Structures are given as C-alpha cells and as structure tokens.
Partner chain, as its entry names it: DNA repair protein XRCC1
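Take a look at this single chain, the form solved without the partner chain, given in structure tokens.
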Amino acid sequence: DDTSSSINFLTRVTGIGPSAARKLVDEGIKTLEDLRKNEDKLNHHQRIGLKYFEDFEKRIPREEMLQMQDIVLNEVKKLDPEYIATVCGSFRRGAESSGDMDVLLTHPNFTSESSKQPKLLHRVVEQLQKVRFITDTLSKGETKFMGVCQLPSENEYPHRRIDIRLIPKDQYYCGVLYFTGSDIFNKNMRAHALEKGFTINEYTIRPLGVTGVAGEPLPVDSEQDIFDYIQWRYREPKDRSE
C-alpha cells in the first residue's frame, strides 16, 4: 500500500536493501527526513548513500566522464606505469552519458596465482584521495573499492559513484570484455563461443570437451585474443550494442 510505497522509497538509497529496508520500517522509519534523524541506525555505507541521495540520482554526461577518466589515468601512471587501468561500462561503448564510473585495474605483479595484494589497489585510492577526487568511501575490500568522487571545482559538480576493481592480470581481458557489455552482446558472444567449442565467463575462456563438463583457461593478453579464439572479427566496443 502507500506504505509499501515506503519500502520502495528507502531502497533508492545505496546501501538500503529490502531486508535492510524492511526493518527500518518496523522501526517507524519511512521518509527521508526520517532517515536523517536517524543516522545511528544506518551503516557507513547507507550513511554515505543518504548523504548524496540527490546527486546520485543525476546522470553523468560524457564531457565529465572524460575528465574523470583523465584524472584516474594520469594518477595511476605516476605511481607505476606498469599499472593497466580501463574505464568500462556503456561509457567505453561510446555512451552519451553514464550512471557511474567503473574502473578495472590490473598489474603484472598480480595474477590469479598470487591472490593477496591489497596495497596494489589501496595505493591508487589513496592517491586519488590525496588529490581530492575520491571524497568518500562506501566500502573498501582487498580487491574492490566503492566510493564517491567529484570533479575539481574551480569556482560545483555533483558527487558520483565510482568503483575500482583489482583483477588478476591473467583474467583481466575477459574482465574488461565483460564489464564492457552490453548484456546482449555478452550473451550473443557466449552463445557463439559455445558453437565454437568454448566456454566464456567474466574470468576466462576455456575449451569444452565430451559430455561438456570441460575446461582449462587459454591465455589472453588482449580483448582481440578472445575474438581470435572464436574466430570472429573483432568488434570494437562501439559496435557492441548486441
């Protein structure tokens, strides 16, 4: 009812899930001003989401994303040029506007065999913090960071969401492929690969076998490799709608 209406509203807050939204209703929290008078019942995540509810409702226009990409790129370089960083999402596809900034990161020192190198990610975050681009953190794992950033005002921009994932170097291309989508494109491509005797996921590409239950990841040093394996002409992200 006009109250279910409430669970629907809450859930528009980053952090607030259903189960998580449901309880706050049982506590008598429904509107937003409810929320602000109630920071204490919210986690740090819910918290920040609440703090920029509006801003996070705004879309990101290309010109901005662009500048944003230059900042991330240029900062990561200075720390270590061996770092590879790719801004994925519809934006990579040429999209006129975006929701957030999804950056995939990698480094040769890190592979799926290592599996343990937080400093690699932390180091960049910190540097972004230091330059004043990242403004807050929602959460920060060993391999993933979710936070907020904003373009340097010279006078102001809305704050935007940003994610940074640390991926092992040997799985990185299958990754940039995946996070680049579209979703159809992925599916279509997984479909084909399959006719070709190959299974693809966000981590790897592996040849099939009898009965089907098969595998053993093929080496990939670029996106192109993937298409080679399935022997499909290479589609640039722009031609990736489906």
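Just so we're on the same page, rigid core means the largest C-alpha set that superposes within 1.5 Å between forms. Numbering follows the first chain given and starts at 1. Residues that one form lacks are left out of the comparison.
Same protein, other form: the form deposited with the partner chain bound, not shown, and the subject of what follows.
- Within 4.5 Å of some heavy atom of the partner chain in the deposited complex lies at least one heavy atom of residue 218.
- When contacts are judged by a 4.5 Å heavy atom cut-off, residue 214 counts as touching the partner chain in the deposited complex.
- Interface membership of residue 32, defined by any non-hydrogen atom within 4.5 Å of the partner chain in the deposited complex, is ruled out.
- With a 4.5 Å cutoff on heavy atoms, residue 231 counts as touching the partner chain in the deposited complex.
- The contact with the partner chain in the deposited complex, taken as any heavy atom within 4.5 Å, belongs to 198 out of 185, 198, 52, 179.
- Picking from 42-50, 202-210, 22-30, 58-66 the stretch near the partner chain in the deposited complex, with a 4.5 Å limit on heavy atoms, gives 202-210.
- Core-superposed comparison between the shown form and the other one places the only run of three or more consecutive residues whose CA atoms all shift by 2 angstroms or more at 1-5.
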